[PDB]
Structures are given as structure tokens and as C-alpha cells.
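What follows is a single chain, given as C-alpha cells, in the form deposited in one PDB entry.
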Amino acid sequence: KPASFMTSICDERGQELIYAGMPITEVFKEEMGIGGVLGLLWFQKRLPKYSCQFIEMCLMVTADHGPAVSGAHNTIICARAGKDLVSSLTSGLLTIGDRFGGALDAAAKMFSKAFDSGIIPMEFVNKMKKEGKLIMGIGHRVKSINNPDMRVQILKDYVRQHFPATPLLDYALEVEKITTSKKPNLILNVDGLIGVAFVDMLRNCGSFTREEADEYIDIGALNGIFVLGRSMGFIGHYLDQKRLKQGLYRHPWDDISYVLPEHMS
């Protein structure tokens, strides 16, 4: 007779739905918004208004980055094969986590590890170069120190105007001053900014202990921010391919090098 499952986030058993202790009518009366609902459902906290607005801005800036990236491309091909929305969205989401859409989480973890170890920025940069490890959340394929990324500028401006303390972002900005002295494109990118600003929120907004903040990073909250944000764009791409009446795709043979083993091997 003991219960096999435990749950903490939502109670739908009563007359009125509850999100982490707040009845749904109170969620709307308090104007919590999507960011506030995320705070309740993911963290079981009532976050400050500025934190909720920051979460929403992260979801807006990660919403899409065009059709060429791995996941959008896969969703498109899946839509062009005549599949349903869920199948197409998930074909694209399944590309996320490592080389694509994984740098938010990896930047948070890497910069938090360096900061927490007490190593200064200049020594973190030299250590990573000696280990042959790229700094996660640094670098950009097209922007640079005097040609900035506007998503970085908008988010960074918000964080600096509203957050009372941003020690990890400050650390990452010192790292950026150093890396841009090796190559101008080694800027703090949007994945690096979201990653470090999200750690600064969890550690300093007042709703979490350090242990709680560290656990939410370790279990993948930043993978969730990118996944939830970019799901809007991937659904958009699915709908667009259907609106554009795009037919079945087959990749051209001229772009594929076939190098099979020898018959006699």
C-alpha cells in the first residue's frame, strides 16, 4: 500500500489546480507570467519579478536561430516527410545536448567550477589552454569585440540593471577581456551569458541555498531553458514547411562521399 511515486510540483486532485502551493487563480492574480510559472514548476519557489522577467527574456532570445542548425534542419526534414507536429519537433529536439544547444549548461558548469576553485580569470584561461580545452560560452562564428551580438547585449543590459549581484557574470566578463586579446571573436556568446546569468540568479536572488542552486545546475535546468525556448522555433519551422507545401527531401548524392570497404577485404 505505500505510494510508489513521489511528486512536488503540481496538485490537480482538488477542485482547483495548484502549482507548487499556489492555486491557479492566485498565479494569475499575482501576474506571475510564464517566468513565474516556471519558477513554481521547476524550482518550487516564488521568484522575484525581475528573475521571472529574466527567464522570459531567455526563452525569447533562444526561440529560434534559423533553419540551418541541426535540430531545426531535422524538424524540417521530418515535416517534409509528412509527419505530425510532435514527431517532427522531437526529431529536432533529440539533436540537443552536446555540440548543439549544450553550451548553456556546459558554460554554467565550467565557469562555476573555475570561480568556486578560487582561480583568477587569467589563470583559468591559461589552464584551459594548457589542457587543450575550449572555454564553453566563449567564441562566435560571426560576431566579435567591435561587432557585438545583440542578444548578448539585450540580456546583459537587463541583468546588470536588475540583478543586485552578478559575481559569475563579472568573472566571465573578465575572462572575455582576456580571450578577446588572443582573437577578437572570442567574445562571451549568448550561451555563455545565459549560463552564467542563470547561476547568478539561482545563487543570489534569495530563493535558493547554494546547495539547491548547485543541484539545479547539475540536474540540467539550463538544458531545460534552451530546450523549452528553442521548441517554439522548431514548432514554427514545422508549421512553415507545411505552409510552404514542401515535399519529401532526399539529400543529393553529389554532397556525399561513399567510401565503402573493398569487396575482397
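So that there is no doubt, residue numbering starts at 1 and follows the sequence shown. Between two forms, the rigid core is the largest collection of C-alphas that superpose within 1.5 Å.
There is another form of this protein, the form deposited in another entry, and it is not shown here; the text below is about that form.
Which of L186, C78, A114, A72 has its C-alpha displaced by 2 Å or more between the shown form and the other one after core superposition? Between the two forms, the residue that moves is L186.
Large Cα move at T95 between the shown form and the other one, threshold 2 Å, rigid core: Shift at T95: below 2 Å after core fit.
C-alpha of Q161 off by 2 Å or more between the shown form and the other one on rigid core: Shift at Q161: below 2 Å after core fit.
Did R141 and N74 drift closer or farther in that other deposited form, going by a CA distance change of 3 angstroms or more? Note: Cα gap between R141 and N74 shrinks in that other deposited form.
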